[PDB]
Amino acid sequence: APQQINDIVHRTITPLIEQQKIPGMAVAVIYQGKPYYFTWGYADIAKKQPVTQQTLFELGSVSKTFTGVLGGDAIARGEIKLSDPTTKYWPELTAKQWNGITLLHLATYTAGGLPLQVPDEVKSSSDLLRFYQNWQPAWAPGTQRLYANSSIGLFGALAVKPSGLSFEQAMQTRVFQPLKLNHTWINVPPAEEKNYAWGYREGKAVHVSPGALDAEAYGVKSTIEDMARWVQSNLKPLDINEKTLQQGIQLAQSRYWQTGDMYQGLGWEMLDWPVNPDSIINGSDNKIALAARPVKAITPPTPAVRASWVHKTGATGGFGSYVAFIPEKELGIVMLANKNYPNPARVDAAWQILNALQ
Ligand SMILES: O=C(Cc1cccs1)N[C@H](B(O)O)c1ccccc1
């Protein structure tokens, strides 16, 4: 890598790994469109397996960006419309609080207070119908944003219904394969287990547990190479050959709602560039990011703005990920770690690196 990239990445990440006691980490910097990779530490402490460019990490909520894009692709295919009521795709959702709640509200966490987590007790498909039927919104739809797995998770499940494909099959066929993300998975195959890093929570090696709508909200595992390709795809959607996927990417970066200086896309979150680093750094902290906040509708949504800082944080019990890019500068970064460490530390490091290179 050019020495400038080598230096800012190592001078920023090495201290981070030491301060946060991260076992293993992989970073990709996309500079002028080309990827540069960096790895440190361990994917499996006990077995002394190092992190490599082929190591799989749990992406946690960064998976929502894939769900948003898959949803965008379904819209582009004419299979669903964000203005469609949720009941159009789940007629069994007859409870009256659902009248007025559209796929847009589900995708953008504005349905009226759907909860952050789907309860552990929910497993069967009928357990899920019961959970949503019994949920009582705190607010009218389209008035407040409350980040929630049960919101975008349901959007993902419903978005693929017209296709008749399972969510995993749709994701593989319509997003992973076209983009050549050949080492990106919702369920890690046995052939790839040798590369699946363990996550570490309080020193214990752990992997994400099965849960309702897990694939849709936090279930993707990927390598640093495939994630750099994901960043390149989102930085330059026009280079993508598959028409509906190119449009879906563009739709996921449209600005649907505004809260403070942040705009909500489908999965992706965006701020105008140049950004005030404190605004995105402090903003990433969980109980700012997970708070109930009033939203202003952007009517109609603003098409993807090239001069934006587009990003998403993600975590599972044992992993912490972060992706951010700036279309206008053809610049981006992916940070994958097998410890769920504070979001502000991720954003601070990313900003230090990208600001140095911009
Ligand atoms: O819920 C998850 C995945 C899991 C975290 C712990 C067990 S599964 N992730 C989202 B996302 O990374 O934003 C989340 C939700 C609530 C709090 C922190 C993270």
# chains A, B, ... in the order shown; residues from 1 in each chain; ligands from 1

$ residues_around --residues "segment 112-123 of chain A" --least-positions-apart "4" --cutoff "7 Å" --atoms "only C-alpha atoms" --output "short mmCIF file (atom, residue, chain, number, x, y, z; two decimals) with N, CA, C and O atoms, in the first residue's frame"
data_model
loop_
_atom_site.label_atom_id
_atom_site.label_comp_id
_atom_site.auth_asym_id
_atom_site.auth_seq_id
_atom_site.Cartn_x
_atom_site.Cartn_y
_atom_site.Cartn_z
N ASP A 127 -45.58 -17.47 16.12
CA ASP A 127 -45.13 -16.74 17.31
C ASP A 127 -44.85 -15.31 16.86
O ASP A 127 -45.08 -14.33 17.59
N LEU A 128 -44.29 -15.20 15.65
CA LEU A 128 -43.93 -13.91 15.08
C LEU A 128 -45.20 -13.11 14.72
O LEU A 128 -45.28 -11.92 15.05
N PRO A 137 -48.22 0.35 19.27
CA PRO A 137 -47.35 1.50 19.01
C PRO A 137 -47.51 2.59 20.05
O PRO A 137 -48.59 2.81 20.59
N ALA A 138 -46.41 3.25 20.31
CA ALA A 138 -46.38 4.35 21.26
C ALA A 138 -46.75 5.62 20.48
O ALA A 138 -47.32 6.56 21.05
N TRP A 139 -46.44 5.62 19.18
CA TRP A 139 -46.64 6.79 18.33
C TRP A 139 -47.28 6.51 17.00
O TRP A 139 -47.29 5.38 16.51
N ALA A 140 -47.79 7.58 16.40
CA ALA A 140 -48.35 7.43 15.05
C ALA A 140 -47.20 7.12 14.10
O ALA A 140 -46.06 7.50 14.33
N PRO A 141 -47.50 6.43 12.99
CA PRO A 141 -46.44 6.12 12.03
C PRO A 141 -45.84 7.38 11.42
O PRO A 141 -46.53 8.43 11.25
N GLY A 142 -44.55 7.30 11.14
CA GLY A 142 -43.84 8.41 10.54
C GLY A 142 -43.63 9.66 11.37
O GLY A 142 -43.51 10.77 10.80
N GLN A 144 -41.66 9.31 14.78
CA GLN A 144 -40.46 9.16 15.58
C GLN A 144 -39.66 7.94 15.09
O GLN A 144 -40.24 6.96 14.64
N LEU A 146 -37.08 4.91 16.06
CA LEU A 146 -36.55 4.10 17.18
C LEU A 146 -35.88 2.91 16.48
O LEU A 146 -36.57 2.00 15.98
N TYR A 147 -34.54 2.97 16.42
CA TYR A 147 -33.74 1.91 15.78
C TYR A 147 -34.23 0.56 16.32
O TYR A 147 -34.32 0.33 17.53
N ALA A 148 -34.53 -0.35 15.40
CA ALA A 148 -35.11 -1.62 15.81
C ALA A 148 -34.90 -2.77 14.85
O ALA A 148 -35.17 -2.66 13.66
N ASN A 149 -34.47 -3.92 15.40
CA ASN A 149 -34.32 -5.12 14.59
C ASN A 149 -35.67 -5.63 14.15
O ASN A 149 -35.81 -6.21 13.07
N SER A 150 -36.70 -5.45 14.99
CA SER A 150 -38.01 -5.96 14.63
C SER A 150 -38.68 -5.17 13.51
O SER A 150 -39.67 -5.61 12.93
N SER A 151 -38.11 -4.01 13.21
CA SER A 151 -38.68 -3.14 12.18
C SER A 151 -38.08 -3.50 10.82
O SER A 151 -38.76 -4.02 9.94
N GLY A 211 -32.01 -16.64 16.06
CA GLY A 211 -33.07 -15.81 16.65
C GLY A 211 -34.02 -15.42 15.54
O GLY A 211 -33.68 -15.47 14.36
N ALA A 212 -35.25 -15.03 15.90
CA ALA A 212 -36.19 -14.66 14.84
C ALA A 212 -35.70 -13.42 14.09
O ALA A 212 -35.24 -12.49 14.71
#

$ select_by_dssp --residues "segment 64-283 of chain A" --states "helix (DSSP H, G or I)" --output "PyMOL selection string"
chain A and resi 64-76+86-88+96-98+103-107+125-134+149-159+167-176+190-195+214-218+224-235+237-239+243-252+277-283

$ residues_around --residues "residue 205 of chain A" --least-positions-apart "3" --cutoff "12 Å" --atoms "only C-alpha atoms" --output "PDB file with N, CA, C and O atoms, in the first residue's frame"
ATOM      1  N   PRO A  23      -9.038  -8.815  20.189  1.00  0.00           N
ATOM      2  CA  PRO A  23      -8.219  -9.982  19.842  1.00  0.00           C
ATOM      3  C   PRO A  23      -7.730 -10.016  18.407  1.00  0.00           C
ATOM      4  O   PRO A  23      -6.562 -10.346  18.148  1.00  0.00           O
ATOM      5  N   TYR A  42      -5.706 -12.239  16.357  1.00  0.00           N
ATOM      6  CA  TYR A  42      -6.270 -13.564  16.274  1.00  0.00           C
ATOM      7  C   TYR A  42      -7.725 -13.742  15.957  1.00  0.00           C
ATOM      8  O   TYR A  42      -8.564 -13.071  16.534  1.00  0.00           O
ATOM      9  N   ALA A  43      -8.006 -14.690  15.063  1.00  0.00           N
ATOM     10  CA  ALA A  43      -9.371 -15.053  14.749  1.00  0.00           C
ATOM     11  C   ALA A  43      -9.825 -16.094  15.801  1.00  0.00           C
ATOM     12  O   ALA A  43     -10.990 -16.154  16.135  1.00  0.00           O
ATOM     13  N   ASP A  44      -8.889 -16.911  16.311  1.00  0.00           N
ATOM     14  CA  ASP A  44      -9.195 -17.944  17.325  1.00  0.00           C
ATOM     15  C   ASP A  44      -7.998 -17.939  18.266  1.00  0.00           C
ATOM     16  O   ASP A  44      -6.927 -18.404  17.899  1.00  0.00           O
ATOM     17  N   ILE A  45      -8.184 -17.415  19.477  1.00  0.00           N
ATOM     18  CA  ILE A  45      -7.104 -17.302  20.429  1.00  0.00           C
ATOM     19  C   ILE A  45      -6.588 -18.656  20.864  1.00  0.00           C
ATOM     20  O   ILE A  45      -5.374 -18.896  20.843  1.00  0.00           O
ATOM     21  N   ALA A  46      -7.508 -19.535  21.246  1.00  0.00           N
ATOM     22  CA  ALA A  46      -7.135 -20.870  21.720  1.00  0.00           C
ATOM     23  C   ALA A  46      -6.358 -21.688  20.697  1.00  0.00           C
ATOM     24  O   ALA A  46      -5.360 -22.336  21.048  1.00  0.00           O
ATOM     25  N   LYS A  47      -6.813 -21.677  19.450  1.00  0.00           N
ATOM     26  CA  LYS A  47      -6.140 -22.427  18.402  1.00  0.00           C
ATOM     27  C   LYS A  47      -5.036 -21.633  17.682  1.00  0.00           C
ATOM     28  O   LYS A  47      -4.462 -22.134  16.712  1.00  0.00           O
ATOM     29  N   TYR A 196     -13.959 -19.063  10.031  1.00  0.00           N
ATOM     30  CA  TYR A 196     -14.909 -18.310  10.833  1.00  0.00           C
ATOM     31  C   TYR A 196     -14.289 -17.952  12.172  1.00  0.00           C
ATOM     32  O   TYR A 196     -14.039 -18.811  13.028  1.00  0.00           O
ATOM     33  N   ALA A 197     -14.003 -16.672  12.356  1.00  0.00           N
ATOM     34  CA  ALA A 197     -13.420 -16.248  13.615  1.00  0.00           C
ATOM     35  C   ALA A 197     -14.378 -16.462  14.760  1.00  0.00           C
ATOM     36  O   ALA A 197     -15.583 -16.467  14.555  1.00  0.00           O
ATOM     37  N   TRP A 198     -13.832 -16.632  15.965  1.00  0.00           N
ATOM     38  CA  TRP A 198     -14.682 -16.681  17.146  1.00  0.00           C
ATOM     39  C   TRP A 198     -14.833 -15.228  17.618  1.00  0.00           C
ATOM     40  O   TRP A 198     -13.926 -14.434  17.426  1.00  0.00           O
ATOM     41  N   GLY A 199     -15.986 -14.871  18.192  1.00  0.00           N
ATOM     42  CA  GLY A 199     -16.136 -13.543  18.787  1.00  0.00           C
ATOM     43  C   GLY A 199     -15.748 -13.703  20.251  1.00  0.00           C
ATOM     44  O   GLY A 199     -15.701 -14.830  20.748  1.00  0.00           O
ATOM     45  N   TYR A 200     -15.426 -12.609  20.942  1.00  0.00           N
ATOM     46  CA  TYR A 200     -15.032 -12.716  22.345  1.00  0.00           C
ATOM     47  C   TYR A 200     -15.832 -11.754  23.176  1.00  0.00           C
ATOM     48  O   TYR A 200     -15.860 -10.566  22.898  1.00  0.00           O
ATOM     49  N   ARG A 201     -16.497 -12.291  24.190  1.00  0.00           N
ATOM     50  CA  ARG A 201     -17.321 -11.482  25.064  1.00  0.00           C
ATOM     51  C   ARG A 201     -16.892 -11.866  26.468  1.00  0.00           C
ATOM     52  O   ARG A 201     -17.050 -13.013  26.854  1.00  0.00           O
ATOM     53  N   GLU A 202     -16.323 -10.915  27.191  1.00  0.00           N
ATOM     54  CA  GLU A 202     -15.834 -11.171  28.544  1.00  0.00           C
ATOM     55  C   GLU A 202     -14.865 -12.349  28.519  1.00  0.00           C
ATOM     56  O   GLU A 202     -14.900 -13.216  29.397  1.00  0.00           O
ATOM     57  N   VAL A 208     -22.795 -15.843  17.183  1.00  0.00           N
ATOM     58  CA  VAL A 208     -24.183 -15.383  17.299  1.00  0.00           C
ATOM     59  C   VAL A 208     -25.176 -16.543  17.383  1.00  0.00           C
ATOM     60  O   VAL A 208     -25.022 -17.575  16.707  1.00  0.00           O
ATOM     61  N   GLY A 317     -22.828 -10.252  20.003  1.00  0.00           N
ATOM     62  CA  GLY A 317     -22.257 -10.312  21.327  1.00  0.00           C
ATOM     63  C   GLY A 317     -20.745 -10.335  21.325  1.00  0.00           C
ATOM     64  O   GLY A 317     -20.128  -9.795  22.233  1.00  0.00           O
ATOM     65  N   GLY A 318     -20.154 -10.924  20.284  1.00  0.00           N
ATOM     66  CA  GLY A 318     -18.703 -11.049  20.266  1.00  0.00           C
ATOM     67  C   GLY A 318     -17.980 -10.325  19.144  1.00  0.00           C
ATOM     68  O   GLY A 318     -16.767 -10.461  19.032  1.00  0.00           O
ATOM     69  N   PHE A 319     -18.708  -9.521  18.359  1.00  0.00           N
ATOM     70  CA  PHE A 319     -18.094  -8.824  17.231  1.00  0.00           C
ATOM     71  C   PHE A 319     -18.521  -7.380  17.142  1.00  0.00           C
ATOM     72  O   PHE A 319     -19.602  -7.005  17.572  1.00  0.00           O
ATOM     73  N   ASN A 338     -13.277  -8.902  16.295  1.00  0.00           N
ATOM     74  CA  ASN A 338     -13.986  -9.937  17.023  1.00  0.00           C
ATOM     75  C   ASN A 338     -14.119  -9.658  18.511  1.00  0.00           C
ATOM     76  O   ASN A 338     -13.885 -10.528  19.364  1.00  0.00           O
ATOM     77  N   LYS A 339     -14.452  -8.399  18.793  1.00  0.00           N
ATOM     78  CA  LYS A 339     -14.830  -7.935  20.138  1.00  0.00           C
ATOM     79  C   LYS A 339     -15.845  -6.794  19.849  1.00  0.00           C
ATOM     80  O   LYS A 339     -15.657  -6.014  18.920  1.00  0.00           O
TER      81      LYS A 339
END

$ residues_near_ligand --ligand "ligand 1" --cutoff "6 Å" --atoms "only C-alpha atoms and all ligand atoms" --output "list in words"
residues 60, 61, 208, 218, 314, 315, 316 and 317 of chain A

$ residues_around --residues "residue 26 of chain A" --least-positions-apart "6" --cutoff "6 Å" --atoms "only C-alpha atoms" --output "list in words"
residues 38, 39 and 336 of chain A

$ write_last_selection --atoms "N, CA, C and O atoms" --output "PDB file, in the first residue's frame"
ATOM      1  N   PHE A  38      -5.441  -4.775   5.692  1.00  0.00           N
ATOM      2  CA  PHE A  38      -4.612  -4.817   6.876  1.00  0.00           C
ATOM      3  C   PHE A  38      -5.203  -5.803   7.883  1.00  0.00           C
ATOM      4  O   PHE A  38      -6.416  -5.824   8.095  1.00  0.00           O
ATOM      5  N   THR A  39      -4.367  -6.636   8.511  1.00  0.00           N
ATOM      6  CA  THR A  39      -4.915  -7.525   9.519  1.00  0.00           C
ATOM      7  C   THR A  39      -3.996  -7.610  10.716  1.00  0.00           C
ATOM      8  O   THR A  39      -2.765  -7.417  10.605  1.00  0.00           O
ATOM      9  N   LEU A 336     -13.398  -4.580  10.802  1.00  0.00           N
ATOM     10  CA  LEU A 336     -14.079  -5.780  11.386  1.00  0.00           C
ATOM     11  C   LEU A 336     -13.260  -6.253  12.569  1.00  0.00           C
ATOM     12  O   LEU A 336     -12.047  -6.454  12.454  1.00  0.00           O
TER      13      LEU A 336
END

$ closest_atom_pairs --of "segment 251-288 of chain A" --to "segment 79-84 of chain A" --cutoff "12 Å" --atoms "only C-alpha atoms" --output "Markdown table"
| residue | atom | partner | partner_atom | distance |
| --- | --- | --- | --- | --- |
| A:251 | CA | A:82 | CA | 10.5 |
| A:252 | CA | A:82 | CA | 11.5 |
| A:256 | CA | A:82 | CA | 10.8 |
| A:266 | CA | A:82 | CA | 10.5 |

$ write_last_selection --atoms "N, CA and C atoms" --output "tab-separated table (two decimals), in the first residue's frame"
chain	number	residue	atom	x	y	z
A	251	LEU	N	-31.35	3.35	-4.25
A	251	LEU	CA	-32.51	3.58	-3.38
A	251	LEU	C	-32.14	3.49	-1.90
A	252	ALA	N	-31.19	2.62	-1.57
A	252	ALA	CA	-30.86	2.47	-0.14
A	252	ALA	C	-30.10	3.68	0.42
A	256	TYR	N	-34.63	9.49	3.41
A	256	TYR	CA	-36.06	9.39	3.69
A	256	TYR	C	-36.57	10.23	4.89
A	266	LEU	N	-32.04	3.13	3.55
A	266	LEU	CA	-32.55	1.77	3.82
A	266	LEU	C	-31.30	1.02	4.32

$ residues_around --residues "residue 177 of chain A" --least-positions-apart "6" --cutoff "12 Å" --atoms "only C-alpha atoms" --output "PyMOL selection string"
chain A and resi 168-171+183-185+226+229-230+242+245

$ select_by_dssp --residues "segment 81-283 of chain A" --states "strand (DSSP E)" --output "list in words"
residues 144, 145, 199, 200, 201, 204, 205, 206, 221, 222, 255, 256, 257, 258, 259, 262, 263, 264, 269, 270, 271 and 272 of chain A

$ write_last_selection --atoms "N, CA, C and O atoms" --output "mmCIF file, in the first residue's frame"
data_model
loop_
_atom_site.group_PDB
_atom_site.id
_atom_site.type_symbol
_atom_site.label_atom_id
_atom_site.label_comp_id
_atom_site.auth_asym_id
_atom_site.auth_seq_id
_atom_site.Cartn_x
_atom_site.Cartn_y
_atom_site.Cartn_z
ATOM 1 N N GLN A 144 -41.659 9.314 14.778
ATOM 2 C CA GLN A 144 -40.463 9.157 15.577
ATOM 3 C C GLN A 144 -39.658 7.936 15.092
ATOM 4 O O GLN A 144 -40.242 6.955 14.637
ATOM 5 N N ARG A 145 -38.337 8.047 15.179
ATOM 6 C CA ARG A 145 -37.445 6.938 14.780
ATOM 7 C C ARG A 145 -36.966 6.233 16.049
ATOM 8 O O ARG A 145 -36.529 6.884 17.012
ATOM 9 N N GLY A 199 -15.986 -14.871 18.192
ATOM 10 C CA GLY A 199 -16.136 -13.543 18.787
ATOM 11 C C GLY A 199 -15.748 -13.703 20.251
ATOM 12 O O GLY A 199 -15.701 -14.830 20.748
ATOM 13 N N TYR A 200 -15.426 -12.609 20.942
ATOM 14 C CA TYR A 200 -15.032 -12.716 22.345
ATOM 15 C C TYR A 200 -15.832 -11.754 23.176
ATOM 16 O O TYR A 200 -15.860 -10.566 22.898
ATOM 17 N N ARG A 201 -16.497 -12.291 24.190
ATOM 18 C CA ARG A 201 -17.321 -11.482 25.064
ATOM 19 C C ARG A 201 -16.892 -11.866 26.468
ATOM 20 O O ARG A 201 -17.050 -13.013 26.854
ATOM 21 N N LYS A 204 -14.788 -14.954 26.680
ATOM 22 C CA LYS A 204 -15.311 -16.219 26.187
ATOM 23 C C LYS A 204 -15.551 -16.196 24.673
ATOM 24 O O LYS A 204 -16.090 -15.214 24.145
ATOM 25 N N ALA A 205 -15.160 -17.269 23.990
ATOM 26 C CA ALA A 205 -15.350 -17.382 22.538
ATOM 27 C C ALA A 205 -16.830 -17.663 22.301
ATOM 28 O O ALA A 205 -17.409 -18.594 22.877
ATOM 29 N N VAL A 206 -17.453 -16.846 21.454
ATOM 30 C CA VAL A 206 -18.866 -16.977 21.183
ATOM 31 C C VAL A 206 -19.214 -16.669 19.730
ATOM 32 O O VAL A 206 -18.484 -15.927 19.028
ATOM 33 N N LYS A 221 -22.219 -12.817 7.687
ATOM 34 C CA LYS A 221 -20.816 -12.989 8.060
ATOM 35 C C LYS A 221 -20.061 -12.786 6.749
ATOM 36 O O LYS A 221 -20.487 -13.261 5.688
ATOM 37 N N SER A 222 -18.917 -12.114 6.814
ATOM 38 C CA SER A 222 -18.167 -11.831 5.581
ATOM 39 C C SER A 222 -16.682 -11.629 5.878
ATOM 40 O O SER A 222 -16.271 -11.511 7.037
ATOM 41 N N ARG A 255 -32.411 9.723 0.945
ATOM 42 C CA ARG A 255 -32.636 10.259 2.282
ATOM 43 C C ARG A 255 -34.136 10.348 2.528
ATOM 44 O O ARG A 255 -34.844 11.182 1.928
ATOM 45 N N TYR A 256 -34.627 9.485 3.410
ATOM 46 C CA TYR A 256 -36.065 9.394 3.693
ATOM 47 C C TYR A 256 -36.569 10.226 4.885
ATOM 48 O O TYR A 256 -37.728 10.715 4.869
ATOM 49 N N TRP A 257 -35.708 10.371 5.893
ATOM 50 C CA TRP A 257 -36.026 11.077 7.122
ATOM 51 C C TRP A 257 -34.806 11.761 7.642
ATOM 52 O O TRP A 257 -33.680 11.326 7.405
ATOM 53 N N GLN A 258 -35.033 12.837 8.392
ATOM 54 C CA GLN A 258 -33.926 13.537 9.005
ATOM 55 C C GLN A 258 -34.134 13.667 10.500
ATOM 56 O O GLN A 258 -35.232 13.976 10.958
ATOM 57 N N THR A 259 -33.085 13.370 11.261
ATOM 58 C CA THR A 259 -33.091 13.545 12.709
ATOM 59 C C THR A 259 -31.734 14.186 13.025
ATOM 60 O O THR A 259 -30.662 13.570 12.868
ATOM 61 N N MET A 262 -28.459 13.755 10.839
ATOM 62 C CA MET A 262 -28.420 12.428 10.205
ATOM 63 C C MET A 262 -29.649 12.171 9.335
ATOM 64 O O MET A 262 -30.742 12.645 9.634
ATOM 65 N N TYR A 263 -29.451 11.455 8.237
ATOM 66 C CA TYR A 263 -30.525 11.107 7.322
ATOM 67 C C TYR A 263 -30.619 9.586 7.303
ATOM 68 O O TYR A 263 -29.586 8.908 7.271
ATOM 69 N N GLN A 264 -31.836 9.067 7.315
ATOM 70 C CA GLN A 264 -32.029 7.612 7.303
ATOM 71 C C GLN A 264 -32.274 7.104 5.896
ATOM 72 O O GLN A 264 -33.190 7.581 5.203
ATOM 73 N N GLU A 269 -27.097 4.860 6.870
ATOM 74 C CA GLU A 269 -27.389 6.165 7.496
ATOM 75 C C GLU A 269 -26.414 7.144 6.853
ATOM 76 O O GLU A 269 -25.287 6.767 6.484
ATOM 77 N N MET A 270 -26.854 8.390 6.655
ATOM 78 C CA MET A 270 -25.966 9.317 5.949
ATOM 79 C C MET A 270 -25.926 10.688 6.606
ATOM 80 O O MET A 270 -26.877 11.077 7.272
ATOM 81 N N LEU A 271 -24.810 11.386 6.442
ATOM 82 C CA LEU A 271 -24.719 12.792 6.916
ATOM 83 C C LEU A 271 -24.073 13.552 5.767
ATOM 84 O O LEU A 271 -23.398 12.977 4.931
ATOM 85 N N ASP A 272 -24.312 14.855 5.689
ATOM 86 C CA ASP A 272 -23.663 15.635 4.640
ATOM 87 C C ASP A 272 -22.171 15.712 4.896
ATOM 88 O O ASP A 272 -21.734 15.849 6.048
#

$ residues_around --residues "residue 8 of chain A" --least-positions-apart "4" --cutoff "8 Å" --atoms "only C-alpha atoms" --output "list in words"
residues 4, 12, 352, 353 and 356 of chain A

$ write_last_selection --atoms "C-alpha atoms" --output "PDB file, in the first residue's frame"
ATOM      1  CA  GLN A   4       0.609   7.280   3.471  1.00  0.00           C
ATOM      2  CA  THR A  12      -4.597   4.695  14.232  1.00  0.00           C
ATOM      3  CA  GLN A 352      -8.929   9.861  11.603  1.00  0.00           C
ATOM      4  CA  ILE A 353      -8.122   7.614   8.638  1.00  0.00           C
ATOM      5  CA  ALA A 356      -6.184  12.065   6.502  1.00  0.00           C
TER       6      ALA A 356
END

$ atom_distance --atom1 "atom CA of residue 29 of chain A" --atom2 "atom CA of residue 175 of chain A"
21.8 Å

$ residues_around --residues "residue 286 of chain A" --least-positions-apart "3" --cutoff "10 Å" --atoms "only C-alpha atoms" --output "number ranges by chain"
A: 282-283, 289-291, 313, 342-344

$ atom_distance --atom1 "atom CA of residue 234 of chain A" --atom2 "atom CA of residue 187 of chain A"
23.1 Å

$ closest_residue --among "A:248, A:24, A:303, A:189" --to "residue 66 of chain A" --atoms "only C-alpha atoms"
A:248

$ closest_residue --among "A:33, A:300, A:190, A:68" --to "residue 233 of chain A" --atoms "only C-alpha atoms"
A:33

$ closest_residue --among "A:27, A:17, A:152, A:354" --to "residue 322 of chain A" --atoms "only C-alpha atoms"
A:27
